[PDB]
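Number of protein chains: 2
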Amino acid sequence: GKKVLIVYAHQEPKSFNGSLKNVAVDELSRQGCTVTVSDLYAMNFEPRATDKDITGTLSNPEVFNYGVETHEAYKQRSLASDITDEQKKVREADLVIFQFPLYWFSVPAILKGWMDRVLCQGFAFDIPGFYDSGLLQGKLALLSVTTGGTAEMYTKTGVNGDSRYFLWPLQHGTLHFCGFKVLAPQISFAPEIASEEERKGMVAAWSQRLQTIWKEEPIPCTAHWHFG
Amino acid sequence: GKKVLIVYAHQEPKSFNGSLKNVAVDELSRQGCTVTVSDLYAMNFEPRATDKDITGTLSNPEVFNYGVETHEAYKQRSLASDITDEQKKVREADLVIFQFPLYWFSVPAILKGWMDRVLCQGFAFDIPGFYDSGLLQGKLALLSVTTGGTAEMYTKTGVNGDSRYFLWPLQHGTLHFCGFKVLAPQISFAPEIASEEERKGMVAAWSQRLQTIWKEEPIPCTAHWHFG
Ligand SMILES: Cc1cc2nc3c(=O)[nH]c(=O)nc-3n(C[C@H](O)[C@H](O)[C@H](O)COP(=O)(O)OP(=O)(O)OC[C@H]3O[C@@H](n4cnc5c(N)ncnc54)[C@H](O)[C@@H]3O)c2cc1C
Ligand SMILES: Cc1cc2nc3c(=O)[nH]c(=O)nc-3n(C[C@H](O)[C@H](O)[C@H](O)COP(=O)(O)OP(=O)(O)OC[C@H]3O[C@@H](n4cnc5c(N)ncnc54)[C@H](O)[C@@H]3O)c2cc1C
Ligand SMILES: COc1ccc2[nH]cc(CCNC(C)=O)c2c1
Ligand SMILES: COc1ccc2[nH]cc(CCNC(C)=O)c2c1
Ligand SMILES: [Zn+2]
Ligand SMILES: [Zn+2]
């Protein structure tokens, strides 16, 4: 019996993003999976990487190096509880779904801050200890992204480039780096411009894909997949 | 005369980023330029895109849509003042320099939230009015980035892929989108690994480049430049 974490980054429960999150919960629930949702905005999740992320006393109180300090806090069980709460959710999950609108060819800052502060060295990766040596191997990850731009725009010769090109930092630089196998992204192009019925189709595509998510092989998370 | 804004995203004044920011201020100062720095961590800059960013009557109080509400608020002058404060700095600047450490093949969340909240519709772009018709046309922008990974790792055949691939969402999807011309990036690779003379070299290389910044031409911020 499979365990899923949804990390959800939208301000509005009635949004397209909210509905994608809610049918994921509905469908994965119906299947009998264990489901957990991190509703970042509702949590007022802190995005900033600061010295407040370490409790007690610093490994080097004179010069603050966030990566060093968080690595030695993880090893010594002195990370801030908001971090470690999320790390627990990840540790337990077989699959991590990220549900977000595209902000500047990336994730909204609040979700960027989740990646920055939750995926610390010792938990997600070490230096050295990354990519296939990353610490979240055996887990699946999946980006479920909504865009303002059309599919059209997201082509190699289109104004925005191929959508793969913006996935690189997220899928490869982040999710692969950490050991994840990367399920094929779910991209919901341009719902604010789509008709009701097209929107319904995209939600149902997502509901249906979700019926057979566990039968999926990861994408090959390569430069060639993304650029060639 | 020329006017520079440095948007700086590092927690530690004694860091390698801190040194790069200060040599920029020193050199650009020496040349007679007008220089302004937004030290985001020191400002406790808010990264989250929330309904707190609009103080006036919302256009749809039942269903919150951050893009629609911020676009309206900018036109009516009911955005949060922290946003407006940054927009004034950008509007005055001839050149915007971003100084940051690479976090997950991207900017630190606090700086992502600057992008998200400061570059709103009406101020930075319109629909229509983006890419070469973006509202910040006539301005220059430059990413000054530091990394953990070495240069070799950031090559087409190295584990990270070429350095330009991770620049795409920044340079193209954000800066060119808003009309900026983009000067070639300054990438200071792996300062932590480097020797102290090589670190000094990197600082001084940046200072030296800034001597002739105003004579540079922008890159052609296309898919071909980034991906080949
Ligand atoms: C800071 C910022 C940066 C941005 N940067 C980019 C960028 O780089 N690239 C880009 O392409 N876009 C960008 N965008 C736009 C953003 O990606 C899209 O606006 C977002 O993806 C749309 O998703 P949403 O959930 O808010 O849509 P919504 O507007 O909330 O939903 C679209 C419509 O679907 C309806 N809907 C909701 N649930 C259902 C349902 N169950 N069935 C049918 N219809 C339903 C809603 O009611 C609504 O009418 C940016 C936006 C912001 C604010
Ligand atoms: C959340 C997170 C995610 C990351 N993701 C990535 C990623 O995707 N890819 C990647 O490659 N890296 C990544 N890193 C690594 C990060 O990019 C590097 O740690 C960072 O760029 C190093 O810069 P710094 O200023 O912090 O270095 P510092 O550690 O501050 O500097 C290195 C040394 O230079 C010294 N120094 C300072 N000023 C000078 C001077 N004037 N002359 C000589 N020496 C000087 C310092 O004192 C120090 O000893 C990540 C780190 C974190 C925390
Ligand atoms: C994809 O390369 C990455 C990804 C995440 C990372 N975090 C950290 C490093 C290197 C140095 N360590 C710190 C300071 O965190 C790093 C490299
Ligand atoms: C880099 O693309 C971006 C960046 C910021 C943005 N904010 C809102 C949108 C949607 C714009 N809608 C269309 C179809 O043009 C948007 C796109
Ligand atoms: Zn990969
Ligand atoms: Zn471009």
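Protein sequences appear in the order of chains B and A.
The first sequence begins at 2 in the entry's author numbering and counts up by one.
The second sequence begins at 2 in the entry's author numbering and counts up by one.
Ideal Cβ placement from N, Cα and C applies to all residues, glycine included.
For the pair A/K201 and A/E93, the CB atoms are not nearer than the 8 Å cut-off. Taking the beta carbon of A/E13 as reference, the chain B residues within 9 Å of it are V64, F65, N66, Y67, listed in sequence order. Of the other Cβ atoms in all chains shown, 16 or more fall within 10 Å of the Cβ of A/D54; this residue is therefore buried.
Against chain B, the CB of A/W207 has no partner CB under 8 Å away; the residue lies outside that interface. By the 16-neighbour rule on beta-carbons within 10 angstroms, B/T71 is buried.
By the neighbour-count criterion, in which a residue is buried when 16 or more other Cβ atoms sit within 10 angstroms of its Cβ, B/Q12 is buried. A/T147: member of the beta strand (DSSP E) spanning 141 to 147, first to last residue. Fully enclosed beta strand (DSSP E) runs of no fewer than 3 residues occupy 35 to 40 of the stretch 24 to 77 of chain B, in order along the chain.
Nearest to B/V8 by alpha-carbon distance, out of B/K90, B/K76, B/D27, is B/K90. Cβ atoms of B/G174 and B/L136 stay farther apart than 8 Å, at about 16 Å. Taking C-alpha positions only, A/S164 is separated from A/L21 by approximately 19 Å.
Residue range 96 to 102 is occupied by the beta strand (DSSP E) that includes B/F101. Along the stretch 123 to 196 of chain B, the alpha helix (DSSP H) occurs as fully enclosed runs of 4 or more residues at 164 to 168, listed in sequence order.
The Cβ atoms of B/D117 and A/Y104 lie closer than 8 Å to each other.
It is roughly 9 Å from the alpha-carbon of B/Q138 to the alpha-carbon of B/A125.
With its beta carbon at least 8 Å from every one in chain B, A/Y155 lies outside the interface. Contact annotation: in the stretch 142 to 166 of chain B, residues whose CB is within less than 9 Å of a CB in chain A are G149, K157, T158, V160, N161, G162, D163, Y166. For the stretch 71 to 83 of chain A, the beta-carbon criterion of a distance under 9 Å to any beta-carbon of chain B is satisfied by none of its residues.
Contacts with chain A at 8 Å (Cβ-Cβ) include B/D52. The secondary-structure analysis by DSSP pairs A/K4 across a beta bridge with A/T35.
For A/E28, the shortest separation between its Cβ and any heavy atom of ligand 2 does not lie below 7 Å.
By a beta-carbon distance limit of 8 Å, A/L144 contacts A/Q172. Their separation comes to about 7 Å.
In this chain, the alpha helix (DSSP H) harbouring A/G114 covers 110 to 119. A/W226: member of the alpha helix (DSSP H) spanning 224 to 228, first to last residue.
With a cutoff of 8 Å on beta-carbon distance, B/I188 and B/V146 are scored as near each other. For the stretch 118 to 136 of chain B, the set of residues with a beta-carbon nearer than 9 Å to any beta-carbon of chain A comprises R118, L120, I128, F131, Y132, in chain order. By the CB criterion at 8 Å, B/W115 and B/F178 fall outside the cutoff. Residue environment analysis places A/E87 among the buried positions, since at least 16 neighbouring C-beta atoms fall within 10 angstroms of its C-beta. What A/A224 touches in chain B, judged by beta-carbon distance under 9 Å, is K157, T158, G162, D163, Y166, going in chain order. Taking a beta-carbon distance threshold of 8 Å, B/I188 does not count as an interface residue toward chain A. When secondary structure is reduced to three states using DSSP, B/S79 falls in the coil class, being assigned neither helix nor strand. One thing to note: A/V97 has its Cβ within 8 Å of the Cβ of A/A142. A/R78 is not a Cβ neighbour of B/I111, given a cutoff of 8 Å. Relative to the non-hydrogen atoms of ligand 4, the Cβ of B/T147 never comes closer than 7 Å to any of them. One residue list follows from the rule of a beta carbon closer than 5 Å to any heavy atom of ligand 6, given in chain order as A/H173, A/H177, A/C222.
In terms of CA proximity to A/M203, A/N18 leads the group A/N18, A/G2, A/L6, A/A10.
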